[PDB]
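Report on one structure; see the data block that follows.
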RNA sequence: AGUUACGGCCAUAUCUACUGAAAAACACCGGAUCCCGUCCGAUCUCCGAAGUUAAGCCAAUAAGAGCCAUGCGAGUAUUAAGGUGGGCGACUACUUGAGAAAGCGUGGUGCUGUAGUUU
RNA sequence: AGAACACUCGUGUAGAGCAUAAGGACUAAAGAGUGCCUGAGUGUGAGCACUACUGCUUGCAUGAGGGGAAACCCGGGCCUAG
């Protein structure tokens, strides 16, 4: 019925572009970014965490009039520099990426030597050291992803905290929480260092060795075993904190402009129509 | 007879324009305000807190005080044949920065150069005033290419 | 042949309608046996005196099955209908439906206090990629290449079960 | 030069048919042991790479519908000031000024900011 | 099983709803469901409607306050009467 009459089209109002594309929630964005008129010089940084089929992305972003500015970035695909061979979208790889992201920031601001790392041994928020500069402050932006206990977005967030950035959070969201009992932190540590997957690998070899090969082929190719994971992850964390990856080079891929298609001229378009009439008669 | 509620007679006012319904854009929230700026009121019907009374719609005033999400603006009004100042509270969603000072500020930037040189070299500024458009200018014309005009159109 | 681009079952829908009291409990126990699920009771949209229905009163129960279990039930039912269907039973959308009058033909033992009920079967066919229209982020309408058409649904039925589609 | 993450102005960006696409991505895709959620691992959450460019996203095409601009309509319709102008009225001519819309013709069919990646 | 019973697939700028006049407002909601709470807190200022009464907007301080991962919001009823 609706689309049968011209007036439908003439009266229609389009949503904003990133809404048509289902990428942004405007009601959430406005609450997150809106300016406080009395706190002049406050310049809130969002920590943006997004998870793709391939990789984990952390970005630190400041919202300015005209467009958001990226302060710093880190990606799970870069951990290949420190010898990560497998599971680039794993719970551990989320945590590692948040850790990396934090360090890069505190180095630029030169806070790095004041606020030291701390590998997952409590659930308190980061606290300003007396007689020194204040901690760098951020708030979490989870986008369109759901909040639930043990979601991978919160792993990256704990990574950043352990790395030295101040984020307010409640422990309600982590594995090892209990409704009316103290926090069981060994369960949390367990997941960070990969116990959850070791326990699955061990099970399948008893159940079905065919299915095992199908499920874990990539691991087999690296000769990794369930026993090796803790050493792997301890090394990975230390190396992130210790080393720094080489700078990126700039290159003109300008010549790939050969591949871009170009629209027809008016002169062509007209002749084409003319020919179409003559082909029909 | 008519009534006297707070939103009397606002059927035309306080309605959205064609194909412009919905909440405000980000630019509204990221604009910073300061005391002494001139600001201009235009109510957004979708926001129900911090609305001013409809007399003030489309009027321009001066910022007196700045709070978390609202502003206090000074206005003048005639009541009982006397002038009265009024202090109006408005939320930041219903205001836009006024353009009314634009030309004057440009002129001040030019004056600010001259007024310094006027101490060094002259004694008093030339001050660069505006002047209204004068008489029609003189013209020298080549006088080829004449066009004749006539009441040829009979207009039945 | 080109992988992807091959038909599958995505859903089988089963429903029993029995307006009244303990009948719905008696019914629900049947669905709970035919499939390893607990079915969802559904309520009357309007109030209709003649049919004996108040509004917001429960009137029917249904269950939706997917995966391997769907294949067993469909084979079990098309036998009861003797592999015979009419050109009326297929849609413009690539789906088809039929009915059964007697639940005991699906094999379960009688138990004279439980009773005899009929059942509706409805089947929905698909090709990969349909997720593009159901996921939260970047939701979009599918291409005409990846729909299932009326002819294809008939061809699949004939091929898979050797049934006869009457004009 | 494209893409991708986060954006700005919110159809020159919409809607309907068709067609293309080096690389790296983006996806569809393969499972449910756990955390989490369903009448239903469809959606949501977690653990994965055997396949595939068919789809989406991106780009082209159409005397396409719709949107945006401009010319014309047109000094036309309406209107401020004025006179011992006219008319039984209804209303209307003139003098000094301000000045449209619909239709219809012609052209367009997103532009840009910060970072990452790919000859 | 009928004009009108339950279940599905595709389209769907609101053609629906929003207790109670009329107008305005609202679309990953302010509508329909589901979870938790009693902020329908406590002191004390400044203002808007021709402003006394009344109604609403907004400042600072506090609670062994609430909801939410958090940014945020809440001292009655989406706004204009009771």
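Before moving on, here are some points about what is shown:
- The smallest convex shape that holds all Cα atoms of the protein assembly as shown, its convex hull, gives 540 Å³ per residue.
- Shielding of B:31-43 by partner chains, average beta-carbon count, 10 Å: 1
- Note on segment A:88-173: along the principal axes its Cα atoms extend 39, 26, 25 Å, ordered by decreasing extent.
- Size of segment C:74-167: Rg and Dmax of its alpha carbons, in Å, are 17.2, 54.
- Legend: mean number of C-beta atoms from other chains within 10 angstrom of residue C-beta atoms, peptide A:60-71, equals 1.
- Sorted peptide list for A:255-261, A:187-193, C:45-51, criterion being average Cβ within 10 angstrom, highest first: A:187-193, C:45-51, A:255-261
- With bins 10 Å wide beginning at 0, the percent of Cα pairs of segment A:183-229 falling in each bin runs 24, 50, 20, 6.
- Residue B:98 versus residue A:228: modelled label distance in nm, points set 7 Å from Cα along the beta carbon direction: 7.4
- Here, P(r) means the percent of Cα pairs in each 5 Å bin from 0 to the largest distance; for chain B it is 1, 6, 11, 11, 11, 10, 8, 7, 7, 6, 6, 7, 5, 2, 0.
- Taken over the Cα atoms of segment A:202-252, the convex hull encloses 124 Å³ per residue.
- Counting only alpha carbon atoms, the long axis of helix C:68-80 and the longest principal axis of chain C meet at about 70°.
- At the listed q of 0.11, 0.12, 0.14 Å⁻¹, the Debye profile of chain C, built from one uniform point per Cα, gives log10 I(q)/I(0) equal to -0.58, -0.68, -0.88.
- Remark on segment A:75-138: Rg and Dmax equal 13.9, 43 Å (Cα only).
- Summed over all non-identical Cα pairs, the Kirkwood treatment of segment A:183-281 gives a radius of 20.3 Å.
- Relative packing of peptides C:65-75, B:125-135 - highest average C-beta neighbours within 10 Å first: C:65-75, B:125-135
- Sorted into 10 angstrom bins from 0, the C-alpha pair distances of segment B:100-156 split as 15, 21, 18, 15, 14, 11, 5, 1 percent.
- Acute angle (nearest 10 degrees) that the helix B:102-120 long axis makes with the longest principal axis of chain B, alpha-carbon atoms: 70
- MRE, 222 nm, helices only [DSSP H, n ≥ 4, -39500 (n - 2.57), over the protein assembly as shown, to nearest 500]: -8500 deg cm²/dmol
- For peptides B:10-23, A:163-176, C:137-150, sequence by mean Cβ density within 10 Å, most packed first: A:163-176, C:137-150, B:10-23
- Between B:35, B:139, B:73, the Gaussian network model of chain B with springs among Cα atoms under 10 angstrom shows the greatest mean-square fluctuation at B:139.
- Solution diffusion estimate, µm²/s, Stokes-Einstein, segment A:40-97, Kirkwood Rh from C-alpha pairs, 37 °C, viscosity 0.692 mPa s: 259
- On a per residue basis, the convex hull of the C-alpha atoms belonging to chain A measures out at 327 Å³.
- Shielding by partners, peptide A:27-35 (average Cβ within 10 angstrom, other chains): 3
In this analysis, Cβ positions are derived from the backbone assuming ideal geometry, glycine residues included, and neighbour counts consider all displayed protein chains. The numbers here are math on the coordinates, done by the rules we state, and not lab data.
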